[PDB]
Amino acid sequence: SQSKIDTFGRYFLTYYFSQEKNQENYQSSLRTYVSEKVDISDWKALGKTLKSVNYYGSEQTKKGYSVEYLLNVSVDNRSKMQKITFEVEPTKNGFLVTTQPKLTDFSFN
Amino acid sequence: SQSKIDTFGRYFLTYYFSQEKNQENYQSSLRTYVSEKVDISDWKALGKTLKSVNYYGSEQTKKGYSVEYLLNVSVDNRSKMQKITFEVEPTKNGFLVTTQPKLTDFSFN
Amino acid sequence: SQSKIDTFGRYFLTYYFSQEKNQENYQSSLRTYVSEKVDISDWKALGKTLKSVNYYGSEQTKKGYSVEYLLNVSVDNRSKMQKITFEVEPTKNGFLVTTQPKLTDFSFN
């Protein structure tokens, strides 16, 4: 679809970027988006305020899709462009995240 | 475009979800979005706050398109996710909503 | 990607609609988004506040894409719907704007 996967990623990103300080509820609040094949026990709140999110396309993978978003994230005191990448897999109506997302510096240059 | 229907729907939703307590003004603020073929005299403010809107795709009808959005709707401080569906039809210069939107519970899993 | 031109255009619009009153700084902050072949020596802050941006689709050109967005701009606290059109060309690494954006009045009717 594209829309569907896009939207799904945005919802996941809302919880992934949550600032809940207690690691247990943080994981619990994002459990539903992440496949059981992934161990989220070491994921915690990332210390980063999500200021904007834009869908940056998908690439077909073997079992699903790799998706990208462009983000403005604020940390410490400064605001910068990142890309976030993660894989998803379709489920019987719906989606699941299947890798830990990678955050990297990005520019259009 | 897929984009143009998307954008049109977002605009309509802003008015559809408006909290105007006077049912006359509520209807007239959305009149231009909705086809004259549709009777909006019982539409009123829904008491819900729209916290977020994501385009969820369309599919063709004989006459136009059935569009879906995923919404975050809030009452008394708490949000839940819903799908909203409604039909649109192209007009010479734009688009019109041609059915009363259907608002339904939704989840990814 | 359609996604990618869309997002690029959003980032550009943020700088293009910046209200920076120093002409050299307004130009510098948007420099990387615009092709060097465009004369940006006379672009100034437009005195308009950008309340919302929705992607409105693209149209292939000889070397790129003509993109459109629907905007809510605010001038005095008087808000209105506008459309903005400009062209964009890929670069091996990303994208560049290649025309000066056209802003025009818009409605769905």
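Listed values, structure above:
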{"read-out": "Matching residues, the range B:14-42, being hydrophobic (A, V, I, L, M, F, W, C) and farther than 14 Å from B:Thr98 by Cα", "value": "B:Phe17"}
{"read-out": "Selection within the range A:61-104 - in a loop (DSSP other than H, G, I, E, B), away from every other protein chain (no Cβ under 14 Å) and without any contact (Cβ under 8 Å) to a residue 12 or more places away in the chain", "value": "A:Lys62, A:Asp76, A:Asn77"}
{"read-out": "Condition check for B:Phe108: more than 14 Å from chain C (Cβ to nearest Cβ), in contact with a strand residue (DSSP E or B) (Cβ under 8 Å, 6 or more places away or on another chain) and aromatic (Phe, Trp, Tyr)", "value": "yes"}
{"read-out": "Residue among B:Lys48, B:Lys4 that is touching a strand residue (DSSP E or B) at 6+ places or on another chain (Cβ under 9 Å), charged (D, E, K, R), within 30 Å of C:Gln2 (Cβ to Cβ) and surrounded by 15 or more Cβ atoms within 10 Å (Cβ to Cβ)", "value": "B:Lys4"}
{"read-out": "Residues located in the range C:8-45, provided they are surrounded by 18 or more Cβ atoms within 10 Å (Cβ to Cβ), closer than 17 Å to C:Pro90 by Cα and over 11 Å from the mean Cα position of the chain (by Cα)", "value": "none"}
{"read-out": "C:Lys63 vs. criteria surrounded by fewer than 16 Cβ atoms within 10 Å (Cβ to Cβ) and in contact with a strand residue (DSSP E or B) (Cβ under 6 Å, 6 or more places away or on another chain)", "value": "yes"}
{"read-out": "Identity of the residue in the range C:2-60, of a type in the set (D, E, K, R), free of Cβ contacts under 8 Å to residues at least 12 places away in the same chain and in a helix (DSSP H, G or I), that ends up farthest from the other protein chains (Cβ to nearest Cβ)", "value": "C:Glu24"}
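Table: residues versus (1) buried (at least 17 other Cβ atoms within 10 Å of the Cβ); (2) closer than 17 Å to A:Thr7 by Cβ; (3) among the small types (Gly, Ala, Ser).
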{"residue": "A:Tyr55", "(1), (2), (3)": "yes, yes, no"}
{"residue": "A:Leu71", "(1), (2), (3)": "yes, yes, no"}
{"residue": "A:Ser74", "(1), (2), (3)": "no, no, yes"}
{"residue": "A:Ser79", "(1), (2), (3)": "no, no, yes"}
{"residue": "A:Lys83", "(1), (2), (3)": "no, no, no"}
{"residue": "A:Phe95", "(1), (2), (3)": "yes, yes, no"}
{"residue": "A:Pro101", "(1), (2), (3)": "yes, yes, no"}
{"residue": "A:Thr104", "(1), (2), (3)": "no, no, no"}
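In this analysis, Cβ positions are derived from the backbone assuming ideal geometry, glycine residues included, and neighbour counts consider all displayed protein chains. Coordinate-derived values only; no laboratory data.
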